[PDB]
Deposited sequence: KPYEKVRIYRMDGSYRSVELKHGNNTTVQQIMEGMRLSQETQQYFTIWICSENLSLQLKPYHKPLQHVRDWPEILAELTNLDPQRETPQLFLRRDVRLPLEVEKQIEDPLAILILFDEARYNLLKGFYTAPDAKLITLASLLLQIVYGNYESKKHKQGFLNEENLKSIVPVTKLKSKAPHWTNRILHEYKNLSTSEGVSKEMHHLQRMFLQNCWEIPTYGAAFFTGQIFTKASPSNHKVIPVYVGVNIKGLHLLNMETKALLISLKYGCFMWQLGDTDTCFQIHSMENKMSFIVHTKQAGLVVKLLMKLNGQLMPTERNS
């Protein structure tokens, strides 16, 4: 073939090969045009570059293959990792700046499906902290979406083991809280199928799944890695989630929600040597400091997402 190409993956493992009309000088915007997307679908998504431990949203003017070429230097600036075990790939993902009010008016079936796969991926990974009731509802919708209608001859007993459970509940709960949710999951699953008041069209069911995900505090969040010190002093690895709602802190080991702060209920300050940033939570008389080489990006994203709010 007399042309260059690149794979653009999605969270579900699928990919789409696009032509590279300008080689490594092709931009995100030119690649975005190379997909099977309309201007309707394109406004909700953008190209990300992600390895195992670093995910970066790119901009229309960015040249993604030069980011691939420069990945070991980028990992050295932003992480404390060895660049060898990290090869990046390009992904089509939700725009982190996409306001929730705009997502709530989406009707395109393809856009709904792409947003649904990302949300399901973040759920099973354990990044979406929700009460046990919200998680059971999401698991029953996944059963309807993936396994079709409920049938007592098939799903009543000896079906929701752990291999099937792993695909509908967060991995952080599969061992502890999940094996006691099975009866409550099937009852909602049974209720979803035998109910004409609920549309079983595929884009409608996925739209329902996303509705229950929109109330989750960490929905649509871009995640960064960092470190906090216990108030004798013990290091706690953390995920720093920054979305259109605010800022959230996850225990890196167990994904437990440490603190979640809506915009306008806290203030931020970038550290001196950049290696950190401070969060003063007003109306609580409490502050904390997060150490991370990505602290510059966290603060820069916090300003843009806060400035977006009216």
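Visitor: Since the structure holds only modelled residues, which stretches of the deposited sequence does it leave out?
Guide: In the chain as deposited, 232 to 235, 315 to 320 carry no coordinates.
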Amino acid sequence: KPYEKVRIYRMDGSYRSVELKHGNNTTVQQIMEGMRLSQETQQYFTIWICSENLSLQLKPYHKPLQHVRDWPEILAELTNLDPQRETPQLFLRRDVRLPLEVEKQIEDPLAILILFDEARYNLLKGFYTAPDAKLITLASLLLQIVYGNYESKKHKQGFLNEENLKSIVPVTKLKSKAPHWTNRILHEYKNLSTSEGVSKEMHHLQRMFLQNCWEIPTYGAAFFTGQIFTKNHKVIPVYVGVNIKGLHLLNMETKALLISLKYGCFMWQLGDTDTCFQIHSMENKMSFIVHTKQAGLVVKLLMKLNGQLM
From here on, numbers count along this sequence of modelled residues.
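We call the rigid core whatever largest set of C-alpha positions still superposes within 1.5 Å between the two forms.
Visitor: Looking at C-alpha RMS in 8 other deposited structures of this protein with the core superposed, is it 298 to 306 or 282 to 290 that drifts more?
Guide: Between the two stretches, 282 to 290 moves farther in 8 other deposited structures of this protein.
Visitor: Counting only other entries where the flanking residues are modelled, do a third or more lack residue 180?
Guide: Residue 180: modelled in all of the comparison entries.
Visitor: Between us, would residue 231 come up missing in a third or more of the other compared entries?
Guide: Yes: coordinates for residue 231 absent from at least a third of the compared entries.
Visitor: Would you mind comparing 67 to 75 and 178 to 186 for me and telling me which has the higher average C-alpha temperature factor in the entry?
Guide: Stretch with the higher mean C-alpha B-factor: 178 to 186.
Visitor: Could you check the entry and say whether 279 to 287 or 33 to 41 has the higher mean CA B-factor?
Guide: The stretch with the larger average C-alpha B-factor is 279 to 287.
Visitor: When the CA B-factors of 94, 233, 203, 125 are compared as recorded in the entry, which is the largest?
Guide: Among 94, 233, 203, 125, the PDB entry lists the largest C-alpha B-factor for 233.
Visitor: Name the residue from 83, 99, 217, 237 with the greatest C-alpha temperature factor listed in the entry.
Guide: Going by the entry's C-alpha B-factors, 83 comes out highest.
Visitor: Using the B-factor values recorded in the entry, state whether the Cα atom of residue 16 falls in the lowest, middle or highest third among the modelled residues of its chain.
Guide: Answer is lowest: the recorded C-alpha B-factor places it there.
Visitor: Rank-wise, by C-alpha B-factor, drop residue 303 into the lowest, middle or highest third of its chain.
Guide: Middle third by C-alpha B-factor.
Visitor: Based on the entry's values, in what third of the chain does the Cα temperature factor of residue 121 lie: lowest, middle or highest?
Guide: Lowest third.
Visitor: Taking the chain's C-alpha temperature factors as the reference, tell me which third residue 256 falls into: lowest, middle or highest.
Guide: For residue 256, whose C-alpha B-factor we compare with every modelled residue in the chain, the answer is the highest third.
Visitor: Please rank the C-alpha B-factors of the chain's modelled residues and tell me whether residue 108 sits in the lowest, middle or highest third.
Guide: According to the entry, residue 108 has a C-alpha B-factor in the chain's lowest third.
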